[PDB]
Structures are given as C-alpha cells and as structure tokens.
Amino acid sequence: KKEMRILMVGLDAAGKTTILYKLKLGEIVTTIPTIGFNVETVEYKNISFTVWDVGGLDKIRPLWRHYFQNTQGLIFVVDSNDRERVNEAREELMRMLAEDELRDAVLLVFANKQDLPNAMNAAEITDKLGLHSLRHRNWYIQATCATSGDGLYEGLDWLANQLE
C-alpha cells in the first residue's frame, strides 16, 4: 500500500549487497565489489521498500548523491570489525546527512558483522559515528550479522513503523 524508497550506502565491504539479498531472497549470495548499484523491491507488511544498494568503493563514492531522489530512508551499513575505517564511515555518513535533499529521511544504521571477533558493539559505533549529535533526525542503530540474518528484520520493522 505504501511505497518507500530506501538508499543503502556504507563503505566497501560493509555488507550492503549481502543484506539486500538476505532480505530479498532469504539466502547468502556470493558477492563481488558492487561497481554500480543493485535494487530490489522488498514487501514487508504494508510497505513496498525499494532498496537501492550502491557501491562503496572510494572511487565511486562521489556517485552516491545521484541516488537521492525521493528517498524516505537511509540505511547506513558499517563493518563493526573495521576499526581502521570507522572514522571514515563517520565522515561519509555526515556528508550524506548534510544534503538538503535527505533532510527528512529517517536513518537506520546497521552495525554489521557482529559475529567477527574484534567487532565494536552498538554503543561504541553510536559514539564513533557521532549519532547522538544528530539533531532533528529520527535515527536508530541495530546490531546485525548479515550472513545469519540476525537483526535485519528488527531493523526493517523499526523503519517500517517510522515510515507509517
């Protein structure tokens, strides 16, 4: 009944494509680095989410802003185990949140790869990304493991509930 366009971005290797197809096909697919985008429509309760999975390689990150049209929600996916790049993730998140086109978008952060041994937890990702500083933004952070699917529908449920 309600269509909602979702932009899913994050650094390369975050898990974005894995999440998309875990949600859509119920499977773990063998992925390669996405140079381009994938898109799927995922029906969940009242809502048709069209989810845009856009490549996160640094050399194609400038293209992200070409996918902002009529977007109601932003999914930012962070590799919880990548401590070296978490401040880079934060920089990329904040650049997106600066865009006037996205000023009303709800933000769901997936703190992904919680199964890996040196994974920062949700509270720590929340501080590293500066989420508490986000004023005038409906946001939420969900700990996930894409490969098992743990957390993904909890994430989606929150997002659906915000968008209704």
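Position 1 is the first residue in the sequence shown; the rest follow in order.
- For the pair 105-113 and 127-135, the mean B factor over Cα atoms is greater in 127-135.
- Comparing 114-122 with 65-73, the higher mean C-alpha B-factor in the PDB entry belongs to 114-122.
- Comparing the listed residues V29, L57, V39, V42, the entry records the largest Cα B-factor for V29.
- Split the chain's modelled residues into thirds by C-alpha temperature factor. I6 is in the lowest one.
- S148: CA B factor in the highest third of modelled residues in this chain (values from the PDB entry).
- Among all modelled residues in this chain, the alpha-carbon of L93 has a temperature factor (C-alpha) in the middle third.
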